[PDB]
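[1] From the sequence below, what's the structure:
(chains A, B and C)
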Amino acid sequence: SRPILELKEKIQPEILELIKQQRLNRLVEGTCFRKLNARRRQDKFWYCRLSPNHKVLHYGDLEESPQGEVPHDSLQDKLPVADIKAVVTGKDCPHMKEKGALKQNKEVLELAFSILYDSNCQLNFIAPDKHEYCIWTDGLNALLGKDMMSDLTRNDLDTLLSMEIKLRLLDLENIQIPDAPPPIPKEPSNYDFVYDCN
Amino acid sequence: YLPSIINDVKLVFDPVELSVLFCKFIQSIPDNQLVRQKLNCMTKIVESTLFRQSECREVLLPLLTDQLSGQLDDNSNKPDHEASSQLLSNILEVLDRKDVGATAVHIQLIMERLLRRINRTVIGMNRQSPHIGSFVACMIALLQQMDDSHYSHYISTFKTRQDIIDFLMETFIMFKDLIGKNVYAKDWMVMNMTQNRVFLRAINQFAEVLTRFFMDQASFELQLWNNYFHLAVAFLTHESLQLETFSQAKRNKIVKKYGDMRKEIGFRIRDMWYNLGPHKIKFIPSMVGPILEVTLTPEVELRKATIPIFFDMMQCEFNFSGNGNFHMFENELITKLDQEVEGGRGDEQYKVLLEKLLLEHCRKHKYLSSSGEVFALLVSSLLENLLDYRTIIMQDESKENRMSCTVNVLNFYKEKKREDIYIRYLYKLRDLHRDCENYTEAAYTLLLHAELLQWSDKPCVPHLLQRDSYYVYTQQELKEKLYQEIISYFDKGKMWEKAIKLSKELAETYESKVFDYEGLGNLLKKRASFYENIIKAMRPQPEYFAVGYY
Amino acid sequence: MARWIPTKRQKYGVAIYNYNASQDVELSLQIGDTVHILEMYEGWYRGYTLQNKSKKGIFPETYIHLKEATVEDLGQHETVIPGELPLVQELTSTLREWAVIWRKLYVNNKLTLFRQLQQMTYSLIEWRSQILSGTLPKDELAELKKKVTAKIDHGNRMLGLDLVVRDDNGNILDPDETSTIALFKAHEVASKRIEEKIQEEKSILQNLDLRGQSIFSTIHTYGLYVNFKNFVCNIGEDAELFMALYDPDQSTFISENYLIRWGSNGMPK
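    Numbers count the residues shown, from 1 in each chain, chains lettered A, B, ... in the order given. This is the structure:
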């Protein structure tokens, strides 16, 4: 399966772009995200909707909405995607290093993601669980045009690439791929096709 | 139980004597005893021993015909629909059997003994919730089992022409009511295709009978072409490229198994329209519309064949252009074309080939073809306008863009002065602004509509008579009703000044012309509310910005 | 390059791996690129590819796994068994379709039915692989055909896909416009399968006794399997175990006594 494996991993890009468009679709549909220490009458649920243009984010302190995203002008309908330095994950989020009233506890170590913008403004947000945290980070990194950091993303990569090549080798049933590629027979220098082209 | 013996009894007995004995026995049944049971009986009978037919079929069936024709209409067929359907299914199947025996002439006997019968049945058997689908299957199996020569032998050669005319009209309204409100799950695509092929065959046959008994041969009674083209075009209004596209092989599957039925359908319709000859002009303005969509077909070749029909019909009018010209034709053309294209139907290649074809057809021809050239240049302008409209509609999906483009086409029409479709888009934009609650803008639109109206009594054109409600609507009444609604909008538009302005003139029209003072009372009541609002409360001043697009 | 000759014994133009891009009309040709070649060269073959049936590509003979077979597998007797190969090609096509709708799927939150499709796909591909060999008995052929047709038409069903008829032998005999009424009753039988499966999705996907009664209404004879492990009793002498089925309500036995000899050591004799 060495030619098989090299062929499978060598035609990578389609699944990669496929997955990342799926990611950005998920970002656009989004959901109500989570704030910091939204306890004393603070709406911990609030939607962060990416534009279908995928350039502006529709977000802010919306109500405790179980339904999730609601289509309207959010509190802030812009996140400048052209100047997001990065999103810090984990202890790199300064809001975790807060030791006063905004002390995030040790059960949100994997839900910390602060969008860097304005070179001083951040968006320290929380995720309901790890899977969509990684999902959103993947989608943003796609907006960054970079690698994906969801374990589920690698899962999809592997399963779909394996399926795809699996459904390719039906033509080679009862045939073997020579590890050394077959020699290219000499092509006569003349291209005077005796038969008509097309 | 008695059918159980017939097999080996035949094996050791005379075929035809058995046949006639069973026939006489069944005829010995009193006419109101155990109908379903006997139906099952001769079901099993036609099951076996019908492999050898030439000695029994011709004698067994006459009985079956008699009882099924009794089942035709006795006002008590309610119990026997499903059973008689089963009988028909089985008999038609065994007739479709090839090795069983020669039946072509016997197929005819079935024709003349069962065809009009089942037609009248489905006429009565006209509800879709029941097992009607079985009957439809039976009758289509009939129709495919036939032959064109068959179709001709007697069904085409009935008694007086009136009877056959009524029969043909009934068949055609049936076929239209069948293809419309289709009876299948939309999943039995094989059924849909086969039904299309068989309906194609049948409508072909009824087309040649129309030619050979109802052309100038029948110099009069030549209406039914309205129905026939209606049915044909309706049949040409599904099973199109995109359904064909779902799988790539879907195109391939259908074209291999059936080809593009639409192609020969359109060709048949085309040659038929050509065949109409002198009756074309007597028949043009109604059927102008019914041909655009077949011209709009997403294919290429029959379109190439079909645009010339437009020049053919304007030519027909040119022969009639001694009194006027194709103004009637072009008006319907414009209207239809507008609503179909705005329905998201056409494409630019269509417009290019249209221009090419119409211009080429007009070049060979005279002055009136030059007038057609300029009008079709107008047409091409309209086409590109609508195409731009729809591409922006599908492209931005924003209120701003759609209102912008619809206003653009509105102004275009105002230039073109086709006021009716102009009103139509007026109402479209009204719907949009209402969706945005832009009461000011919506009411202004209704104002623009009311502008063309007068306070006269006579409703001058039914063009201003819209689809919202339609009866006499004296010009005065429509104007005042519009004004009323506009006033409502201004009121919830918080612009009471214009409300007052129109309230005054509504009042004066009441006073001088209708003398209905109750309307006065209510109108000015609201007028007082308006003055109260305007002096009493305060409302914010909207800001204005300059947007420079570059 | 010259001397190309039209032929129709190449319908299975088989790639070997992702081809080199040597030709202006060839690329990293995908594994299952069954290409409809039109023209023959000894070392090369150019014609329509499955990816683009309107384009040519000159492909090495050492790269083509030549197959003289055409769309019909009986004229050249390419059938592993007659009347079955149509099924494998059709199911491969449906797998292509399944993958397409699969792309259509994950982008949407249909993951439950998505995974159900996944497991049906696994079952179908393994059934395909095993029946690629004709080693199965005729009863196995019939049973596989029935169940695979059921599964595949069900897959068409919940995906809103059109259906096929002619349960056995390639599902193609009926759609060959042989009849018209037999076609209608075939469509009715298939839709009956459809209604069966739509009512039994909530019957088996949720409950487990309805399938038991349905299967048990198809067979009349049954066998209870008893696998003894060890006898835990304090006797100290030889023991005879008369194992059988009994009816407490009827106060009688239902099966003959099965005699087990048990030794005095705690072990069977």
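
[2] What's the local residue count around residue C:157?
    Using other Cβ atoms under 10 Å in any protein chain shown, the number of residues around residue C:157 comes to 19. To be clear about C-beta, it is placed using only N, CA and C from the backbone, and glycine gets the same treatment.

[3] mind listing what the residue nearest to it when sequence neighbours are not counted touches?
    Leaving aside its sequence neighbours, residue C:157 sits nearest to residue C:194 (Cβ to Cβ, 6 or more residues apart in numbering or on different chains; 5.6 Å). Neighbouring residues of residue C:194 by Cβ atoms under 8 Å, 6 or more residues apart in numbering or on different chains: C:153-154, C:157, C:163.

[4] dump the residue contacts of residue B:435.
    Residue B:435 is in contact with residue B:399, counting by Cβ under 8 Å, 6+ apart.

[5] go on, the one 10 residues further on?
    With contact taken as Cβ under 8 Å, 6+ apart, residue B:445 is in contact with B:426-427, B:429-430, B:433.

[6] The helix ranked longest in chain C: what's the following helix or strand?
    As assigned by DSSP state H, the longest helix anywhere in chain C is helix C:181-204. Next along the chain after helix C:181-204, taking DSSP states H and E as the criterion, comes helix C:209-216.

[7] chain center to the longest helix of chain C: distance?
    19 Å (Cα atoms, centre = their mean, to the nearest Å).

[8] Could you give me the buried positions within that helix?
    C:181-188, C:190-191, C:193-194, C:197, C:200, C:203 (16 or more other Cβ atoms under 10 Å in any protein chain shown).

[9] What parts of chain C come near chain A?
    Within chain C, the positions lying close to chain A (Cβ under 8 Å from any Cβ of the partner chain) are C:1-6, C:12, C:14-18, C:20, C:22, C:28, C:30-34, C:39, C:43-44, C:56, C:60-63, C:65, C:92, C:95-96, C:99, C:103, C:106-107, C:125, C:132.

[10] which of those residues count as buried?
    Among those, those buried by neighbour count (16+ other Cβ under 10 Å) are C:1, C:4, C:12, C:14-18, C:30-34, C:39, C:43-44, C:56, C:60, C:63, C:65, C:92, C:95, C:99, C:106, C:125.

[11] Which of these fall in helices?
    C:92, C:95, C:99, C:106, C:125.

[12] can you pull the contacts of the second one?
    Contact criterion Cβ under 8 Å, 6+ apart gives A:167, C:121, C:124-125 as the residues in contact with residue C:95.

[13] Need the max-distance pair from those residues.
    A:167 and C:124 (11.0 Å; Cβ to Cβ).

[14] rewinding a little: include distance to residue B:351 when you put the contacts of residue B:445 into JSON lines, please.
    JSON lines is the format used below for the contacts of residue B:445 (distance: Cβ to Cβ, whole Å):
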{"residue": "B:426", "distance to residue B:351": "25"}
{"residue": "B:427", "distance to residue B:351": "26"}
{"residue": "B:429", "distance to residue B:351": "25"}
{"residue": "B:430", "distance to residue B:351": "29"}
{"residue": "B:433", "distance to residue B:351": "30"}
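
[15] Quick check: ChimeraX command selecting the buried ones in those residues.
    For the buried members of the contacts of residue B:445, the matching ChimeraX selection, counting by 16+ other Cβ under 10 Å, is:
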select /B:426,429,430,433
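
[16] Out of the contacts of residue B:445, which sit inside helices?
    Using DSSP H, these in helices are B:426-427, B:429-430, B:433.

[17] Closest to chain A out of those residues?
    Using Cβ to the nearest Cβ, the shortest approach to chain A within those belongs to residue B:433, at 19.5 Å.

[18] shouldn't the closest one be in contact with residue B:441?
    Yes: using Cβ atoms under 8 Å, residue B:433 makes contact with residue B:441 at a distance of 4.3 Å.

[19] so how many other residues sit close to residue 102?
    Unless you meant another one, I'm taking chain A. For residue A:102, the tally of surrounding residues (other Cβ under 10 Å) stands at 11.

[20] was after chain B, sorry
    Neighbour count for residue B:102, taken as other Cβ under 10 Å: 11.
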